[PDB]
Amino acid sequence: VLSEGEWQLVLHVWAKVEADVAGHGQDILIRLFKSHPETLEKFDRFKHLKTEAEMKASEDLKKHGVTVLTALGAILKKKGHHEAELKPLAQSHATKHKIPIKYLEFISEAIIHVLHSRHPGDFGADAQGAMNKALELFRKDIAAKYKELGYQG
Ligand code: 6HE
């Protein structure tokens, strides 16, 4: 479990995301797609995008980044008590979208990448460690739900 102090490090940094969810979302999805291009193929609406410029200009990709970070932010704000939030997310991502845990690791890495990039003076090792622990917990719990749902992930 994360300590309360660890959750406060997580939520202090997420409050930065909350100032500009859309812009953080764009950065995160673009980082994901550039670092792991196979992930882009999972998105039927977005897999035609050829360049970062096209990704930045996509209003629908911007909207999707808001969708993703809105969901993740609610999960983080539960401070581990996220069972209800993970049910629909796990079901769609296991059954419909077919997103392996390794791809959830990739987007976690992108989130951390972007936080470190955007917030160079207020995202140190301890804050990054706490964010990592929160994302690890999310993935652990999603993986358990994937198994319950019948997906190997
Ligand atoms: C590599 C692909 C990938 C990865 C890593 C994710 N997703 Fe997912 N995603 C999320 C939401 C709220 C929705 C719309 C409702 C739904 O269909 O469930 C989608 C839809 C989608 C859709 C339509 C697709 C293809 C999808 N998501 C691929 C996808 C949230 C997330 C979150 C919170 C994460 C991880 C932090 C995430 N996605 C990682």
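Observations on the model:
- Inter-site label distance for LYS140 and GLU18 at 7 Å from Cα along Cβ, in nm: 2.5
- Using the Cβ-Cβ distance between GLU52 and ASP122 with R0 = 22 Å, the FRET efficiency computed as 1/(1 + (r/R0)^6) comes to roughly 0.25.
- Entries in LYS78/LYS140; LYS50/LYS102; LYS79/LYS133 that, when Cα-Cα distance is taken, lie over 20 Å: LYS50/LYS102
- Percentage relative contact order, the chain, counting C-alpha pairs under 8 Å, at least six apart: 35
- When the helices of the chain are scored as -39500 (n - 2.57) per DSSP H run of n ≥ 4 and the total is divided over every residue, the value at 222 nm lands at -23000 deg cm²/dmol.
- Taking a ≥ b ≥ c as the square roots of the eigenvalues of the alpha carbon gyration tensor, the chain is oblate, as a/c is not under 1.5 and a/b does not beat b/c.
- Axial C-alpha extent at least 15 Å, average Kyte-Doolittle at least 0.0 - helices from the chain (DSSP): 21-35, 59-77, 101-118
Computed from the coordinates by the stated procedures, all read-outs in this text should not be read as laboratory data. Cβ coordinates were reconstructed from backbone atoms using ideal geometry, including for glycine residues, and neighbour counts include every protein chain displayed.
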